[PDB]
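# An overview of the molecular structure
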Amino acid sequence: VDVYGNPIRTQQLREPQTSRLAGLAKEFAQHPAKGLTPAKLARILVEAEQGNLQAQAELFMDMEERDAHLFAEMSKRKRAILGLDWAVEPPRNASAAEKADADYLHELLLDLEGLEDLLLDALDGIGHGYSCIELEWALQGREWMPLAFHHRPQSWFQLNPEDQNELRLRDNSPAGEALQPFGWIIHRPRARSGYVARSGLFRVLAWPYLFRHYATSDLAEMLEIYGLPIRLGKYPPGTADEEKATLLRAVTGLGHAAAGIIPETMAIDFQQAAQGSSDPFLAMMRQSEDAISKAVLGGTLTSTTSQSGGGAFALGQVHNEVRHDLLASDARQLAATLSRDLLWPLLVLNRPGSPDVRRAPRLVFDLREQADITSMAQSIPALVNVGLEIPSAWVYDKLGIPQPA
Amino acid sequence: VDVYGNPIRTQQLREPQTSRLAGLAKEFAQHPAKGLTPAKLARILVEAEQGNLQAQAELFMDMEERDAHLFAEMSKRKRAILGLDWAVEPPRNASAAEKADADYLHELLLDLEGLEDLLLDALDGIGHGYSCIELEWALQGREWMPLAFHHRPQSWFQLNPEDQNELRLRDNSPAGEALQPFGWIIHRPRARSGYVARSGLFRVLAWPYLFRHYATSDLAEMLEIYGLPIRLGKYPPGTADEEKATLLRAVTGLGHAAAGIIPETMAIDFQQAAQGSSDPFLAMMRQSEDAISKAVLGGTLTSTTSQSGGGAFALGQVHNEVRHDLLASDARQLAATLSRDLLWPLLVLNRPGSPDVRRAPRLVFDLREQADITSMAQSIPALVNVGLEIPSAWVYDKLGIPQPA
Amino acid sequence: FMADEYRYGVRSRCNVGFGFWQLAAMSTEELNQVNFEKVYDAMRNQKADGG
């Protein structure tokens, strides 16, 4: 069975759950970001709270695509995880059989193509609040294998009417369809405590995005109007339609044309077009960008930048507060999700027996922080000459150097 | 029994208390932050003081979601705790049986999945003033286990009419329902001395949030009006309705249109639209953000930033004042809550006998601060050559290096 | 602002209660047993099915 105890039947693993839903694969995103107003955004969020996640997912995708600063921040945050070395470790004080199981799982993950793509797809749940990856199960004789990992759009799911924390497929029915066991890797990182609909970071970031969009569009319009002044022509009674058209064309082309002549009975008045500055717009854009930077990566390095300054402890100063905390949180949550969803089916299908769930191997990301070799290498000799018996295992582990074999 | 002495009956542990309240699970948040005015906020707070916590909880959730700066600060503060290593220690001068009990509890917590989620859910009480997590109890033979931890919204509870410090479930009755023993982990951090309703940090942070919201909305409106000037057209007596509509459309499109012509008998006056600056709005936003930073994380590193500057003692300078105090306070309160709520039921159900409550093991968070290895390693040799017999236990404990085994 | 209730009273047994008192405490019995002792002895000797 799975970790949650639901019965597992190997018959349903031959075909993906969504195969019998050919309607989903033919859908196109509705792009709800175009022509978006604060009222529309509020309605979208409220409806999403009630189980209509399609519009929210499409809006989040558009928001990711249309904002360069937000996209850069999210990409940097995800690439931070994608570059971490990982390993599979056996449970606490594991036995020989458990060690062998962990070693086999580690070897299987090493030789499993598409792991990086799986991690990238799973990390989308950081912003979207939940990411679902469908599994393709195949048999190369007697051992089950994940053939491929398919990322399904968040717009394909909904909320259970009887449960606000349980996701279901959109199968044209009011209650949707329950997710098949062992058929998905659902990643639901928890930045804030609440239901799944409210758990996305883009829900926090939506309003600054709209503020920045409005400011940028208004600035573009004002830059378009800038330049020549608006000038209005006046004509006396008894001016025919042809003369009216001639005066109109003359006024229209007068800005580009340096000189022109009109009868003394006519008049042209040059009125202010748009006089001001870009200061308000740029102030709003800077405020929104700082808010986005703080919300995504913390207000110590991105928005209120940590500035330059090297040194042996500079790495620690830059990392440990804020950056290390965020990195560790994301890595630990991703590792927990993976150990729950991918490691367990492999252990319970590819190996004999029914090992207890509490003793399953856990995927661990390498969060080791580079320690100053020179300072500590200076420090050891004094301590050892004093008489302290420092274990070599601690040194080898903390320095990153492996133990002799 | 529990720590408070209330009789404990194992019959009620088979089902959650809220299972017989299927009405609660079908509710949706009312979103009281939309269209919020200072009078409405004052009424919400006053009503919450009197036992109506639903509106206050929903307002706090909206406040958390809609403010990026506040959300970033709270997330950083909580992630600070989530990254701390923890251990279970036996009581003062504990005996062999007590040491065995503590070791078994430590092993059980290590192998208990969902601990990080439990800590995150409990830390919500920092801002909300109280967090309730429901327990699922199951028997794997002869030993009780927490199957899962469920975080219930603060909107599901109320105040006892006869007691302002005791929370109760909303069961449609005036007096609510008392909380089941051993069925919840209630975390109520105490930033300020008072009743539970007034104990939330969001109660302090509400007013700066409203100030910032008003300033941002006003700035957005003023940016929308900025650009072209308002221009008013005037027409003489004897202008028909069709000519009036033509003049109105001409005036409406005149700002975008560089040129236009009107009869000499008409007139168009270009009046100031909105002339000023973003300085007042931005000043208010900065004031509110500084207030929020000071209230959440202290006015030494976040609002009045500590600036750069490394060194061996830089860690101490940044941490010990403000940051270390807040970290230690939060960690100690969380550890006390956990030791009270989760450790005790495990000890009194999973082990024989009736150990005295004063001798229960206590969960301890690792608050050890990194000490300068180089300076102290320089220092020891002089002291030891002088003749001082410094214990090795103090060195091993303070450096973080473990004693040889 | 409102409070809701879904209860109601009950009439448990009409053979274990008594009313309609001309209550007073003037004389030792001639006015005390008028009601207090009439209720007392009546209940002491109320009969059920089977005499």
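Above this text sits the structure in question.
Residues numbered from 1 in each chain as written, not as in the entry; some residues may be left out. Chains lettered and ligands numbered in written order. Part of a larger assembly, values for the part shown. Heavy atoms only, no water.

## Things to note about the overall build of chain A
Within chain A, the secondary structure is distributed over 12 helices and 10 strands. For 405 residues, the compact-globule estimate of 2.2 N^0.38 gives 22 Å, and the C-alpha radius of gyration of chain A, at 31 Å, exceeds that figure by more than 25%. Taking the principal axes of the C-alpha coordinates as reference, chain A spans close to 105 × 65 × 35 Å. The buried share of chain A, reckoned over its 405 residues, is 46%. For chain A, contacts bridging at least 24 residues in sequence account for 72% of all contacts bridging at least 6. When the accessible area of chain A is evaluated, it comes to approximately 20,300 Å², of which 56% is carbon and sulfur surface. Of note, chain A has its 39 positive side-chain charges centred 3 Å away from the centre of its 52 negative side-chain charges. (Helix = DSSP H or I, 4+ residues; strand = E, 2+ residues; numbered from the N terminus. Rg over C-alpha atoms; globule rule 2.2 N^0.38 Å. Buried < 20%, exposed > 50% of the residue type's maximum accessible area, 1.4 Å probe, protein only. Contact = heavy atoms within 4.5 Å. Areas by Shrake-Rupley, 256 points an atom, 1.4 Å probe, with all protein chains shown as cover. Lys, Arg positive; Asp, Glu negative; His and termini not counted. Charge placed at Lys NZ, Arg CZ, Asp CG, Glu CD.)

## Structural notes on the overall build of chain C
Within chain C, the secondary structure is distributed over one helix and zero strands. Taking 51 residues into account, the globule formula puts the C-alpha radius of gyration at 10 Å, and chain C, at 18 Å, lies well above it. Expressed as a percentage of its 51 residues, the buried residues of chain C come to 6%. Split by element, the accessible area of chain C, about 5,300 Å² in all, is 56% carbon and sulfur. Both charge centroids of chain C, one from 6 positive and one from 7 negative side chains, sit 5 Å from each other.

## Remarks on the interface of chain B and chain A
Interface size is commonly expressed as the accessible area that is lost once the parts come together. Across the contact, 84 residues belong to chain B and 74 residues belong to chain A. Carbon and sulfur atoms make up 59% of the area that chain B and chain A hide from each other, which totals about 6,600 Å². Applying the counting criterion to the chain B and chain A interface returns 11 salt bridges. Salt-bridge contacts for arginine 340 of chain A lead to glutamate 113 of chain B; the nearest nitrogen and oxygen are separated by 3.1 Å. Where chain B packs against chain A, one counts 25 residue pairs in polar contact. Top element by residues in the side of chain B that touches chain A is helix α3 (residues 68-82) of chain B. It accounts for eight residues. When its residues are assigned to classes, the side of chain B that touches chain A shows 44 nonpolar, 18 polar and 22 charged. Note that strand β8 (residues 230-235) of chain A and strand β9 (residues 259-263) of chain B share five bridges and pair parallel. (Buried area = accessible area lost by both parts, 1.4 Å probe. Salt bridge = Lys/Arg side-chain N within 4 Å of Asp/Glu carboxyl O. Polar contact = N/O pair within 3.5 Å; in protein donor to acceptor, adjacent residues only side chain to side chain. Nonpolar A, V, L, I, M, F, W, Y, C, P; charged D, E, K, R; others polar. Pairing = 2+ DSSP bridges.)

## Some remarks on the sheet that holds strand β4 (residues 157-160) of chain B
Residues and elements named next belong to chain B. Taken in spatial order, the three strands line up as β4-β5-β6 in an open sheet, and their pairing is antiparallel. Only two strands of the sheet have a single neighbouring strand rather than two, namely β4 and β6 (177-178). Summarising the sheet, strand β5 (residues 163-169) and β6 pair through two bridges and their orientation is antiparallel. In the strand pairing of β6, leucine 169 is matched with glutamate 177.

## Considering the arrangement of the chains
Contacts between protein chains span two pairs of chains, and they are most numerous for chains A and B. Note that chain A does not reach chain C: the shortest distance linking a C-alpha of one to a C-alpha of the other is 26 Å.

## Overview of the side chain of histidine 31 of chain B
If you trace the backbone, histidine 31 of chain B turns up in the segment before α1 (38-49). Assessed through its relative accessible area of 18%, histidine 31 of chain B is described here as buried. Each residue touching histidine 31 of chain B, except ones within four places of it in the same chain, is listed here: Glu49 and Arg198 of chain A together with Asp62 of chain B.

## Re the packing of helix α9 (residues 279-297) of chain A against α3 of chain B
Taken N-terminus to C-terminus, the directions of α9 of chain A and α3 of chain B make an angle of 20 degrees; their axes are 8 Å apart at the nearest point. With respect to each other, α9 of chain A and α3 of chain B are oriented roughly parallel. As α9 of chain A runs across α3 of chain B, the sense of the crossing is left-handed. For the pair formed by α9 of chain A and α3 of chain B, the contact residues are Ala291, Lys294 and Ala295 of chain A on the first element and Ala68, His69, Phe71 and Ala72 of chain B on the second. For the contact of α9 of chain A with α3 of chain B, the class distribution of residues is five nonpolar, one polar and one charged. (Axes fitted to C-alpha atoms, helices over the stretch in contact; angles between N-to-C directions. Parallel < 35°, antiparallel > 145°, perpendicular 65-115°, else oblique. Left-handed = near helix turned anticlockwise from the far one by under 90°.)

## Observations regarding the packing of helix α1 (residues 38-49) of chain A against helix α7 (residues 201-225) of chain A
Residues and elements named next belong to chain A. In contact at an axis separation of 11 Å, α1 and α7 are set at 165 degrees when each is read in the N-to-C sense. When the interaxial angle is binned, α1 and α7 end up roughly antiparallel. The hand of the α1/α7 crossing is right-handed. From α1, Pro38, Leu41, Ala42, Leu45, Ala48 and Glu49 reach across to α7, where they touch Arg203, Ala206, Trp207, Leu210 and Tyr214.

## Structural notes on the pairing of strand β4 (residues 157-160) of chain A
Residues and elements named next belong to chain A. Pairing between β4 and strand β5 (residues 163-169): four bridges, direction antiparallel. Bridge pairing links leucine 159 to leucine 167 in β5. Hairpin connection, β4 to β5: the antiparallel pair is bridged by two residues.

## With respect to the sheet that holds strand β2 (residues 131-139) of chain B
Pairing between the strands of a sheet comes from backbone hydrogen bonds, and it takes one of two forms, parallel or antiparallel. Residues and elements named next belong to chain B. A sheet is described by the order of its strands in space; here three strands give the open sequence β3-β2-β7, paired in antiparallel fashion. The two strands at the open ends of the sheet, each matched to only one other strand, are β3 (144-152) and β7 (184-187). Pairwise comparison of adjacent strand axes, ignoring direction, gives a mean angle of 25 degrees for this sheet. Pairing analysis gives eight bridges linking β2 to β3, with the strands arranged antiparallel. Pairing of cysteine 132 across the sheet is with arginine 152, part of β3.

## Observations regarding the packing of aromatic side chains
Residues and elements named next belong to chain A. Under the criterion given, the structure shown has four aromatic pairs over all chains. Taking the centre distance of 5.5 Å and the plane angle of 65 degrees together, the rings of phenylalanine 60 and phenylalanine 202 count as edge-to-face. Separated by 142 residues along the polypeptide, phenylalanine 60 in helix α2 (residues 53-66) and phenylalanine 202 in helix α7 bring together distant segments of the chain. The same class applies to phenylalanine 60 as to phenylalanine 202, namely buried. (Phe/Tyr/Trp six-rings, centres within 6.5 Å; stacked < 30°, edge-to-face > 60°.)

## Focus on helix α11 (residues 373-386) of chain A
Residues and elements named next belong to chain A. Spanning 14 residues, α11 covers 20 Å between terminal C-alpha atoms, matching the ideal 20 Å at 1.5 Å per step. Taken residue by residue, α11 has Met376, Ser379 and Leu383 as its buried positions. All buried residues of α11 fall inside an arc of 60 degrees around its axis, so they share one side. Seen from the open side of α11, the exposed residues pointing more than 90 degrees away from its buried face are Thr374, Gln378 and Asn385. (Expected span 1.5 Å × (residues − 1). Arc of directions from axis to C-beta.)

## Digging into the nonpolar core
In this structure, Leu41, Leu118, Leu205, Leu334, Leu342 and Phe365 of chain A are the most contacted members of the largest nonpolar core, which totals 62 residues. Residue contributions to this core peak at 11 residues, all from helix α10 (residues 314-350) of chain A. Among all residues touching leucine 118 of chain A, those that are not within four sequence positions of it are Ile133, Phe149, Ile185, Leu338 and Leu342 of chain A. Ranked by size, the runner-up nonpolar core spans 56 residues in total, among them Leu13, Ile133, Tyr209 and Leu346 of chain B. (Core = buried A, V, L, I, M, F, W, Y, C linked by side-chain atoms within 4.5 Å.)

## What to know about the pattern of salt bridges
If the charged atoms of two oppositely charged side chains come close together, the side chains can form a pair. Counted by the stated rule, this structure contains 36 salt bridges over all chains. The closest approach of N and O atoms between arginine 190 of chain A and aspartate 117 of chain B, which form a salt bridge, is 2.9 Å. With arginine 190 of chain A in the loop between β7 (184-187) and α7 and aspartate 117 of chain B in helix α5 (residues 115-123), this residue pair bridges two chains. Residue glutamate 166 of chain B pairs with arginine 168 of chain B through a salt bridge whose shortest N-O separation is 3.2 Å. Using a relative accessible area of 22% as the deciding quantity, one classes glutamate 166 of chain B as partly exposed.

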